[PDB]
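We begin with a single chain expressed as structure tokens, specifically the form deposited in one PDB entry.
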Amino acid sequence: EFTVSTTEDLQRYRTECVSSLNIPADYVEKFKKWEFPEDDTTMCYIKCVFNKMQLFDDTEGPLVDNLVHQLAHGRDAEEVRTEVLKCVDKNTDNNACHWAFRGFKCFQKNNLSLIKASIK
């Protein structure tokens, strides 16, 4: 089974991803206020955290059932699934960091509240 991620899963994954990727504190500050510059440093951050939460695979791409579970807590599956899938695309520029980001970007645009609430 896949289980949901919380604030202190995120906290852990944030510090691990900052470490391995060597993310400037600069960038970390923006992430904490849900701001995301459109460059590789931010893109690979998102991939890393998604990898650790089991929401994205570098080969397979977005993991749809897990994304819906994460967001829905297995409650409002069908509605959330429809919104999640609108943001699912293929690895068009063979850049896994970009792929994960572009998904996250699509979904944060309209549904950022749900993302924050999925952690809470």
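In this text, rigid core is short for the largest set of C-alphas that superpose within 1.5 Å between two forms. So that there is no doubt, residue numbering starts at 1 and follows the sequence shown.
The mean Cα B-factor in the deposited entry runs higher for 73-81 than for the other of 73-81 and 41-49. For the pair 108-116 and 93-101, the mean Cα B-factor is higher in 108-116.
In the deposited entry, the Cα temperature factor of residue 25 places it in the middle third of its chain's modelled residues.
What comes next is about the form deposited in another entry, which does not appear here.
The two forms, fitted on the rigid core, differ between the shown form and the other one by less than 2 Å at the CA of residue 86. For residue 73, the Cα coordinates differ by 2 angstroms or more between the shown form and the other one after the core has been superposed.
Compared with the form shown here, the Cα atoms of residue 114 and residue 98 move at least 3 Å closer together in the other entry. Annotation for the pair residue 64/residue 74: C-alpha atoms recede from each other in the other entry, by 3 Å or more compared with this form.
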